[PDB]
Ligand SMILES: CCN(CCN)c1cc(C)c(OCC(=O)N[C@@H](Cc2ccccc2)[C@H](O)C(=O)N2CSC(C)(C)[C@H]2C(=O)N[C@H]2c3ccccc3C[C@H]2O)c(C)c1
Ligand SMILES: C[C@H](CCC(=O)NCCC[N+](C)(C)CCCS(=O)(=O)[O-])[C@H]1CC[C@H]2[C@@H]3[C@H](O)C[C@@H]4C[C@H](O)CC[C@]4(C)[C@H]3C[C@H](O)[C@]12C
């Protein structure tokens, strides 16, 4: 099993480095289990955002194969566009020829892009979620017998305490304590599982829960959120879907998610973000209201900071265990 060290940025997201090109051109990635394409900004990029970034130069790579098919990647937080290219992609010490998007326009991905220090996004989703039918990196690696299992694991960094690791091809007991519980996927192409969701007396039976490394909140159905916030002494920021609270607000609830197999809780300490700068003793909730057609929670970064997670393509399941507080 190889692994990629995960560095914290502002206790809100984390990044890992990988390389694209036969000359070791190094890039910082958001590692996103909710998307299925890899992209890097190109030397051909003519946007303000690209100015600050590590850029990909295919002319300097002898393993570069031209594709040139045009493509737009639309995310909830914005859009990037360019064209497909193929080159050798190196993750940890493993590599494979791989198809990815060479990005020439990032103006539709502002203000996210220029505000953060990542260069690109490396998707870790399922094939049918990809534009252009790209087999996921971990599936290809397994198929090429470079790893033991078509699986990867997230041991997330904890700001001012330890680094994290993305591990490819196998599970390591050092990352977690207690039992590891596998939850079957309820969807063909999302890392989504079925859990009963409880927050106080508010309950949602057999909710869709998407375990997602690229989202820096817990998302909650908007009706469920409105019920949670009733008489909670929290205040919404003008123009933005964020709520502010005293950090030691005694009413802040604990999320409890349950299956047949297990029980996962998320206490206020994991979903609060200190904002001492805005005022003393104030926190933002890392919780946003979001309605999917079917009632869904996204168990983002705040969930994965507490819980070590195993993404298993072969067994179409997500393993969940309490992350070790330190290595
Ligand atoms: C079915 C169509 N399709 C396939 C096209 N052939 C397709 C393709 C893609 C890439 C899809 O994912 C789009 C996407 O942006 N998916 C995101 C997850 C998501 C979030 C909210 C609602 C739905 C999904 C994706 O994983 C993700 O985390 N992304 C996309 S860019 C990013 C910065 C890495 C991050 C993101 O926006 N994060 C922000 C975010 C997002 C939600 C709430 C809070 C915050 C604060 C930030 O953390 C979806 C949902 C469908
Ligand atoms: C994904 C949800 C819901 C979006 C939605 O309600 N989608 C349907 C409406 C119709 N659309 C307008 C999208 C038209 C196209 C689809 S249509 O089917 O109509 O053709 C939207 C609503 C509010 C959005 C956040 C805030 O901004 C603040 C912040 C800004 C940064 O920059 C990026 C991060 C962040 C956290 C945002 C992320 C995300 O983005 C959110 C959660």
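Just so it is clear, chain A uses Swiss-Prot numbers, and the residues here are 127-453, in order.
Backbone N, Cα and C define each Cβ position, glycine as well.
Positions annotated as active site by Swiss-Prot: 158 (among others). There are 19 other CB atoms within 10 A of the CB of residue 158 (active site), with all protein chains counted. The secondary structure of residue 158 (active site), as reduced to three states from DSSP, is extended strand.
Annotation source Swiss-Prot lists active site at 338 (among others). Around residue 338 (active site), the C-beta neighbours below 8 angstroms that are at least 6 residues distant in the chain are 158, 159, 160, 317, 424, 425, 426.
DSSP gives residue 176 (disulfide bond) a helix state. For residue 176 (disulfide bond), other Cβ atoms within 10 Å of its Cβ number 22. Look at Swiss-Prot and you will find 171-176 (among others) tagged as disulfide bond.
Of all Cβ atoms in the protein chains displayed, 17 besides its own lie within 10 Å of the Cβ of residue 373 (disulfide bond). For the recorded site, residue 373 (disulfide bond), the DSSP three-state label reads coil. What Swiss-Prot records for 373-409 (among others) is disulfide bond, and it gives experimental evidence as the kind of evidence.
Under the heading domain 'Peptidase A1', Swiss-Prot lists 140-447, citing sequence analysis as support.
Among the disulfide-bonded residues 171, 176, 373, 409, not one has its Cβ under 6 Å from an atom of ligand 1. Within 10 Å of the C-beta atom of residue 171 (disulfide bond) sit 21 other C-beta atoms, taking all shown protein chains into account.
Distance between Cα atoms for residue 176 (disulfide bond) and residue 409 (disulfide bond): 32 Å, as a whole number. If you take the C-beta of residue 409 (disulfide bond) and look for same-chain residues 6 or more apart in sequence within under 8 angstroms, you find 370, 371, 372, 373, 398, 399, 400, 401.
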